[PDB]
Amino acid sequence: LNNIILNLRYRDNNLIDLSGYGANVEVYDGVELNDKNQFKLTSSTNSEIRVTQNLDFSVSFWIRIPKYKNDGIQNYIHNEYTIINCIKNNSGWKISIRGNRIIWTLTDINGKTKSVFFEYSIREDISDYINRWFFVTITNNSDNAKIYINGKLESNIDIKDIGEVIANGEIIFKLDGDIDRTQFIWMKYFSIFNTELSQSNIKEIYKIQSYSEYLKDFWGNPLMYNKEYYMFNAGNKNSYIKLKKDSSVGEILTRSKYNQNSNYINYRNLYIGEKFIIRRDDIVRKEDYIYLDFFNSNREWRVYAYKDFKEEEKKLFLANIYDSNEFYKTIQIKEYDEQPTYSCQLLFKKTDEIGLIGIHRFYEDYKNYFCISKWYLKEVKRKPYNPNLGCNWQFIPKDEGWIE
């Protein structure tokens, strides 16, 4: 898969063509860049990238699209805006977004237009897509233009009506349309191929570009130390952790949802439960030894596991930071899943294995509690790794792309 004509990648604090065809790439001052290959497009005049290139072609990239402002839903749903435009003599292609939709458009020499789109729901309790890094691939031959999302075919339309399409036009990365000053788009790994990629090729590219040295947060950004995170359980999506009133255990409650009338939108709240923080660059990696802490009022507390553990599962101990011979404190963060994910696991060790952190039904009538469990130790070795297991967790920081 060297069939790449443009490969925009980070190098020496700049975005450049690493294809070997050496396209001229101009990044303007208003674009934000990091060494993790992310670049942000804002509403500012000088937030653009300009590419001067040197029917059977493909375009791949990742994207993180901000959640709708609850008060401005109508603009969101109506107002379309271009993010990438490649035109010459009024002919070429453009990638545009209209609310919860991403749109691919081809225009021929005679101004003839056909479009294909992907629409993600804005009524889901927990969305895989909203404000989260996901993978987009767009293939084109003589017959069909189709969109693949995270390696899976989603959309497909016939284009045999369309005449000649001049696709060697200058590529402008820029927000264009009826946009709020607040509007932004994150993108990474923008590539053009001179062939229709197969589904097999795209699953392989998705899995390659899914890998990183470091663990990731809920949004698909790198998991950090000394950073405040709400906690998400992949096995119990609609649950969260709350400290039991004036006690030392973590009870599991159901997330609240959107309250206002507007029946265009539904979601569960993410900024609910205790604000956790991971203790020992400030980047969290596989097999790292950590302390899992949280803030109780304005004092930093800790998640401990009781060393007297004859039962298969037991409630975790939430208390002030204090060394006790009765309690395990050292957790090792794990990534058992071989397939793409933002989930990690939490393993208490002494070097034996005591149990994994999860959620379980304890009797008192029954109730759900934040627990260690020996059960998970066997399940994580089974293949394929089950992504809906209770021992799979995700960290949600505050993000300007998600206001609730």
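Heads up: residue numbers just count along the shown sequence, starting at 1.
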query: Residues with no coordinates between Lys36 and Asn37, taken from the deposited sequence as a class; finding: none
query: Deposited residues omitted from coordinates between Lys307 and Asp308, as a class; finding: none
query: Higher-B stretch (mean Cα B-factor, as the entry records it), 129 to 137 or 70 to 78; finding: 70 to 78
query: Between the two ranges 210 to 218 and 154 to 162, the one averaging a larger CA B factor in the entry; finding: 154 to 162
query: C-alpha B-factor winner, where the candidates are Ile109, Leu223, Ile278, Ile192; finding: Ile109
query: Residue, from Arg285, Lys245, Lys188, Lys227, that the PDB entry assigns the highest Cα B-factor; finding: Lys245
query: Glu300 - Cα temperature factor, lowest/middle/highest third of chain; finding: middle
query: Assigned third (lowest, middle, highest) for the C-alpha B factor of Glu313; finding: highest
query: Third assignment of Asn269 from its chain's C-alpha B-factors; finding: lowest
query: Ranked C-alpha temperature factor of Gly390 among modelled chain residues, by third; finding: lowest
query: Assigned third (lowest, middle, highest) for the C-alpha B factor of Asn233; finding: lowest
